[PDB]
Amino acid sequence: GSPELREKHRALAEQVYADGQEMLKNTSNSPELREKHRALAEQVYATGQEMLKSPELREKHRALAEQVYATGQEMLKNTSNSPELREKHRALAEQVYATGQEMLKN
Ligand code: MH0
Ligand code: MH0
């Protein structure tokens, strides 16, 4: 319905992915790297929601995104996030990327 919105969502999601990768390498990350990830993620969530304003694929994406976001908020309370936590995060995050891309096919 909005191509510009779709692409904005896309570009932001790519930046979320790049930062998370960077962070995945490092054993502790500056509060500045962490916060860019988080603020980027908030804009992905917001643009996606704006897009709602296959239905079953959208529903699965949205549900998945929600769980990744909530997972991430737990991680914000931690100075240090174990690779155990970081694994559940990446796993789930991969599913969000996949389903959103599966939508591109159309
Ligand atoms: C429920 C609203 C919603 C939320 C929340 C949401 C959250 C997220 N998304 Fe994402 N996403 C939403 C709705 C969409 C739609 C509707 C589409 C397909 C747009 C279209 O016009 O076909 C989409 N997302 C598409 C995508 C695509 C593919 C875009 C492309 O290559 O053109 C990616 C990578 C993506 N998402 C990632 C993410 C990530 C990461 C999050 C984590 C916050
Ligand atoms: C596998 C790479 C990777 C990807 C992709 C990724 C994608 C996403 N993320 Fe997110 N994320 C990744 C790796 C991390 C790490 C490693 C950390 C913890 C940083 C640290 O130093 O403890 C993290 N993400 C941390 C977070 C945090 C908390 C920020 C903080 O602790 O300061 C949030 C809110 C978050 N994520 C959300 C999201 C969302 C939403 C997506 C989109 C699905």
# chains A, B, ... in the order shown; residues from 1 in each chain; ligands from 1
$ closest_atom_pairs --of "chain A" --to "ligand 2" --cutoff "7 Å" --atoms "only C-alpha atoms and all ligand atoms" --output "Markdown table"
| residue | atom | partner | partner_atom_place_in_ligand_line | distance |
| --- | --- | --- | --- | --- |
| A:13 | CA | ligand 2 | 42 (C) | 6.8 |
| A:16 | CA | ligand 2 | 7 (C) | 5.6 |
| A:17 | CA | ligand 2 | 5 (C) | 4.1 |
| A:20 | CA | ligand 2 | 3 (C) | 3.6 |
| A:21 | CA | ligand 2 | 2 (C) | 4.3 |
| A:23 | CA | ligand 2 | 16 (C) | 4.8 |
| A:24 | CA | ligand 2 | 16 (C) | 4.3 |
| A:27 | CA | ligand 2 | 21 (O) | 7.0 |
| A:28 | CA | ligand 2 | 21 (O) | 4.9 |
| A:29 | CA | ligand 2 | 21 (O) | 4.5 |
| A:31 | CA | ligand 2 | 32 (O) | 6.4 |
| A:34 | CA | ligand 2 | 32 (O) | 3.9 |
| A:35 | CA | ligand 2 | 32 (O) | 5.3 |
| A:37 | CA | ligand 2 | 29 (C) | 6.3 |
| A:38 | CA | ligand 2 | 34 (C) | 4.6 |
| A:41 | CA | ligand 2 | 40 (C) | 4.7 |
| A:65 | CA | ligand 2 | 43 (C) | 5.9 |
| A:68 | CA | ligand 2 | 40 (C) | 5.3 |
| A:69 | CA | ligand 2 | 40 (C) | 4.4 |
| A:72 | CA | ligand 2 | 33 (C) | 3.5 |
| A:73 | CA | ligand 2 | 34 (C) | 4.9 |
| A:75 | CA | ligand 2 | 31 (O) | 4.7 |
| A:76 | CA | ligand 2 | 31 (O) | 4.0 |
| A:78 | CA | ligand 2 | 31 (O) | 6.8 |
| A:79 | CA | ligand 2 | 22 (O) | 6.7 |
| A:80 | CA | ligand 2 | 22 (O) | 5.4 |
| A:81 | CA | ligand 2 | 22 (O) | 4.4 |
| A:86 | CA | ligand 2 | 16 (C) | 5.2 |
| A:89 | CA | ligand 2 | 11 (N) | 6.4 |
| A:90 | CA | ligand 2 | 1 (C) | 4.0 |
| A:93 | CA | ligand 2 | 43 (C) | 3.9 |
| A:94 | CA | ligand 2 | 5 (C) | 6.5 |
| A:96 | CA | ligand 2 | 43 (C) | 5.6 |
| A:97 | CA | ligand 2 | 43 (C) | 6.7 |
$ residues_near_ligand --ligand "ligand 1" --cutoff "7 Å" --atoms "only C-alpha atoms and all ligand atoms" --output "PyMOL selection string"
chain A and resi 1-3+6-7+9-10+13-14+16+41-42+44-46+48-49+51-52+58-59+61-62+65-66+69+93+96-97+100-101+103-104
$ atom_distance --atom1 "CA of residue 60 in chain A" --atom2 "CA of residue 25 in chain A"
28.9 Å
$ atom_distance --atom1 "CA of residue 71 in chain A" --atom2 "CA of residue 50 in chain A"
22.0 Å
$ closest_residue --among "A:64, A:30, A:43, A:92" --to "residue 15 in chain A" --atoms "only C-alpha atoms"
A:43
$ select_by_dssp --residues "chain A" --states "alpha helix (DSSP H)" --output "number ranges by chain"
A: 3-25, 31-51, 55-76, 83-105
$ write_last_selection --atoms "C-alpha atoms" --output "compact mmCIF listing (two decimals), in the first residue's frame"
# COMPACT_ATOMS: atom_id res chain seq x y z
CA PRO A 3 6.18 1.12 -1.11
CA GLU A 4 8.24 3.86 0.64
CA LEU A 5 7.09 2.51 4.00
CA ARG A 6 8.01 -1.04 2.94
CA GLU A 7 11.50 0.06 1.94
CA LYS A 8 12.06 2.21 5.04
CA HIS A 9 11.14 -0.93 7.03
CA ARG A 10 13.57 -2.94 4.87
CA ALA A 11 16.48 -0.50 5.25
CA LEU A 12 16.01 -0.22 9.01
CA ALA A 13 15.80 -4.02 9.37
CA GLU A 14 19.15 -4.32 7.53
CA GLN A 15 20.81 -1.91 10.00
CA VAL A 16 19.32 -3.84 12.91
CA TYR A 17 20.89 -6.98 11.40
CA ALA A 18 24.30 -5.40 10.84
CA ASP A 19 24.60 -4.04 14.43
CA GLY A 20 23.44 -7.27 15.99
CA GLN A 21 26.07 -9.13 13.98
CA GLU A 22 28.86 -6.74 15.10
CA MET A 23 27.60 -7.18 18.65
CA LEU A 24 27.48 -10.93 18.28
CA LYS A 25 31.24 -10.89 17.68
CA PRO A 31 26.12 1.32 25.47
CA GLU A 32 26.20 3.35 22.27
CA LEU A 33 26.22 0.28 19.97
CA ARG A 34 23.55 -1.42 22.08
CA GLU A 35 21.36 1.66 21.97
CA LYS A 36 21.59 2.16 18.18
CA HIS A 37 20.52 -1.47 17.76
CA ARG A 38 17.61 -0.82 20.13
CA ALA A 39 16.55 2.47 18.63
CA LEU A 40 16.77 1.03 15.10
CA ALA A 41 14.66 -1.96 16.22
CA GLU A 42 12.03 0.45 17.58
CA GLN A 43 11.78 2.10 14.18
CA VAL A 44 11.44 -1.26 12.40
CA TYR A 45 8.56 -2.17 14.75
CA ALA A 46 6.94 1.21 14.23
CA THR A 47 7.12 1.21 10.38
CA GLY A 48 5.87 -2.33 10.28
CA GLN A 49 2.82 -1.46 12.40
CA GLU A 50 2.16 1.55 10.14
CA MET A 51 2.02 -0.91 7.26
CA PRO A 55 -2.59 -12.48 5.99
CA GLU A 56 -1.43 -15.68 7.72
CA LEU A 57 2.23 -14.85 6.89
CA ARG A 58 1.82 -11.27 8.18
CA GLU A 59 0.31 -12.72 11.36
CA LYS A 60 3.27 -15.05 11.90
CA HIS A 61 5.81 -12.22 11.21
CA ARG A 62 4.02 -9.84 13.64
CA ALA A 63 3.75 -12.48 16.36
CA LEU A 64 7.47 -13.39 15.91
CA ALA A 65 8.63 -9.73 15.96
CA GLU A 66 6.71 -9.24 19.19
CA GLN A 67 8.47 -12.10 20.88
CA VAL A 68 11.86 -10.90 19.68
CA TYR A 69 11.17 -7.38 20.93
CA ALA A 70 10.06 -8.66 24.34
CA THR A 71 13.18 -10.93 24.53
CA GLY A 72 15.36 -7.91 23.76
CA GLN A 73 13.71 -5.80 26.50
CA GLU A 74 14.76 -8.48 29.01
CA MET A 75 18.29 -8.08 27.69
CA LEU A 76 18.22 -4.32 28.36
CA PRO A 83 25.61 -16.22 24.65
CA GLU A 84 22.82 -18.46 25.99
CA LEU A 85 20.45 -15.43 25.96
CA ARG A 86 22.07 -14.17 22.73
CA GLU A 87 21.33 -17.53 21.06
CA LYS A 88 17.58 -17.52 21.82
CA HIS A 89 17.63 -13.92 20.52
CA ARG A 90 19.42 -14.74 17.22
CA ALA A 91 17.40 -17.88 16.58
CA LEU A 92 14.05 -16.02 16.91
CA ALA A 93 15.40 -12.97 15.08
CA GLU A 94 16.33 -15.20 12.12
CA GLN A 95 12.72 -16.37 11.90
CA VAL A 96 11.52 -12.75 11.79
CA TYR A 97 13.91 -11.93 8.90
CA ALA A 98 12.90 -15.09 7.06
CA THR A 99 9.12 -14.60 7.23
CA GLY A 100 9.43 -10.94 6.19
CA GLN A 101 11.54 -11.93 3.20
CA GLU A 102 9.18 -14.83 2.39
CA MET A 103 6.63 -12.04 1.97
CA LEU A 104 8.66 -10.44 -0.84
CA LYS A 105 7.96 -13.38 -3.19
$ decode --residues "range 24-99 of chain A" --atoms "C-alpha atoms" --output "PDB file, in the first residue's frame"
ATOM      1  CA  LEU A  24      27.475 -10.935  18.285  1.00  0.00           C
ATOM      2  CA  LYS A  25      31.243 -10.887  17.681  1.00  0.00           C
ATOM      3  CA  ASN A  26      32.093  -8.793  20.755  1.00  0.00           C
ATOM      4  CA  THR A  27      31.985 -10.043  24.324  1.00  0.00           C
ATOM      5  CA  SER A  28      30.755  -6.687  25.554  1.00  0.00           C
ATOM      6  CA  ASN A  29      29.485  -3.776  23.445  1.00  0.00           C
ATOM      7  CA  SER A  30      29.444  -0.044  24.128  1.00  0.00           C
ATOM      8  CA  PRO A  31      26.119   1.324  25.470  1.00  0.00           C
ATOM      9  CA  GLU A  32      26.197   3.355  22.271  1.00  0.00           C
ATOM     10  CA  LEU A  33      26.221   0.276  19.968  1.00  0.00           C
ATOM     11  CA  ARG A  34      23.552  -1.419  22.084  1.00  0.00           C
ATOM     12  CA  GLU A  35      21.359   1.665  21.971  1.00  0.00           C
ATOM     13  CA  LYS A  36      21.591   2.164  18.178  1.00  0.00           C
ATOM     14  CA  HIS A  37      20.523  -1.472  17.763  1.00  0.00           C
ATOM     15  CA  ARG A  38      17.608  -0.823  20.131  1.00  0.00           C
ATOM     16  CA  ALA A  39      16.555   2.466  18.631  1.00  0.00           C
ATOM     17  CA  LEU A  40      16.772   1.027  15.102  1.00  0.00           C
ATOM     18  CA  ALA A  41      14.658  -1.958  16.219  1.00  0.00           C
ATOM     19  CA  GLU A  42      12.031   0.454  17.577  1.00  0.00           C
ATOM     20  CA  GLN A  43      11.782   2.099  14.185  1.00  0.00           C
ATOM     21  CA  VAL A  44      11.441  -1.261  12.398  1.00  0.00           C
ATOM     22  CA  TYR A  45       8.564  -2.165  14.753  1.00  0.00           C
ATOM     23  CA  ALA A  46       6.936   1.213  14.228  1.00  0.00           C
ATOM     24  CA  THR A  47       7.116   1.214  10.381  1.00  0.00           C
ATOM     25  CA  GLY A  48       5.871  -2.331  10.280  1.00  0.00           C
ATOM     26  CA  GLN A  49       2.819  -1.459  12.396  1.00  0.00           C
ATOM     27  CA  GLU A  50       2.163   1.553  10.143  1.00  0.00           C
ATOM     28  CA  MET A  51       2.021  -0.911   7.255  1.00  0.00           C
ATOM     29  CA  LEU A  52      -0.997  -2.706   8.720  1.00  0.00           C
ATOM     30  CA  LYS A  53      -2.864   0.664   8.818  1.00  0.00           C
ATOM     31  CA  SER A  54      -0.789 -13.560   2.755  1.00  0.00           C
ATOM     32  CA  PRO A  55      -2.588 -12.482   5.993  1.00  0.00           C
ATOM     33  CA  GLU A  56      -1.433 -15.675   7.716  1.00  0.00           C
ATOM     34  CA  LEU A  57       2.225 -14.846   6.888  1.00  0.00           C
ATOM     35  CA  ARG A  58       1.819 -11.267   8.185  1.00  0.00           C
ATOM     36  CA  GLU A  59       0.314 -12.720  11.358  1.00  0.00           C
ATOM     37  CA  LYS A  60       3.271 -15.054  11.897  1.00  0.00           C
ATOM     38  CA  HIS A  61       5.809 -12.224  11.211  1.00  0.00           C
ATOM     39  CA  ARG A  62       4.024  -9.839  13.644  1.00  0.00           C
ATOM     40  CA  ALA A  63       3.754 -12.480  16.361  1.00  0.00           C
ATOM     41  CA  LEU A  64       7.473 -13.391  15.912  1.00  0.00           C
ATOM     42  CA  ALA A  65       8.635  -9.727  15.956  1.00  0.00           C
ATOM     43  CA  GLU A  66       6.712  -9.236  19.187  1.00  0.00           C
ATOM     44  CA  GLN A  67       8.469 -12.098  20.875  1.00  0.00           C
ATOM     45  CA  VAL A  68      11.861 -10.899  19.676  1.00  0.00           C
ATOM     46  CA  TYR A  69      11.168  -7.384  20.927  1.00  0.00           C
ATOM     47  CA  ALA A  70      10.059  -8.663  24.345  1.00  0.00           C
ATOM     48  CA  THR A  71      13.181 -10.928  24.525  1.00  0.00           C
ATOM     49  CA  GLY A  72      15.360  -7.906  23.758  1.00  0.00           C
ATOM     50  CA  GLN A  73      13.709  -5.805  26.502  1.00  0.00           C
ATOM     51  CA  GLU A  74      14.756  -8.483  29.005  1.00  0.00           C
ATOM     52  CA  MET A  75      18.292  -8.078  27.692  1.00  0.00           C
ATOM     53  CA  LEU A  76      18.220  -4.323  28.360  1.00  0.00           C
ATOM     54  CA  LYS A  77      18.237  -4.976  32.132  1.00  0.00           C
ATOM     55  CA  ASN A  78      21.608  -6.775  31.802  1.00  0.00           C
ATOM     56  CA  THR A  79      25.113  -5.290  31.686  1.00  0.00           C
ATOM     57  CA  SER A  80      26.162  -8.639  30.376  1.00  0.00           C
ATOM     58  CA  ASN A  81      24.022 -10.961  28.234  1.00  0.00           C
ATOM     59  CA  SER A  82      25.213 -14.586  28.120  1.00  0.00           C
ATOM     60  CA  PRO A  83      25.613 -16.219  24.648  1.00  0.00           C
ATOM     61  CA  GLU A  84      22.820 -18.459  25.987  1.00  0.00           C
ATOM     62  CA  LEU A  85      20.454 -15.430  25.958  1.00  0.00           C
ATOM     63  CA  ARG A  86      22.074 -14.173  22.733  1.00  0.00           C
ATOM     64  CA  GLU A  87      21.331 -17.526  21.061  1.00  0.00           C
ATOM     65  CA  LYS A  88      17.576 -17.523  21.822  1.00  0.00           C
ATOM     66  CA  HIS A  89      17.625 -13.918  20.515  1.00  0.00           C
ATOM     67  CA  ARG A  90      19.422 -14.738  17.224  1.00  0.00           C
ATOM     68  CA  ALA A  91      17.400 -17.881  16.577  1.00  0.00           C
ATOM     69  CA  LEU A  92      14.053 -16.022  16.913  1.00  0.00           C
ATOM     70  CA  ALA A  93      15.396 -12.971  15.083  1.00  0.00           C
ATOM     71  CA  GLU A  94      16.329 -15.203  12.122  1.00  0.00           C
ATOM     72  CA  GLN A  95      12.725 -16.366  11.904  1.00  0.00           C
ATOM     73  CA  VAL A  96      11.518 -12.754  11.789  1.00  0.00           C
ATOM     74  CA  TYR A  97      13.905 -11.927   8.904  1.00  0.00           C
ATOM     75  CA  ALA A  98      12.905 -15.093   7.061  1.00  0.00           C
ATOM     76  CA  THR A  99       9.123 -14.598   7.226  1.00  0.00           C
TER      77      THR A  99
END
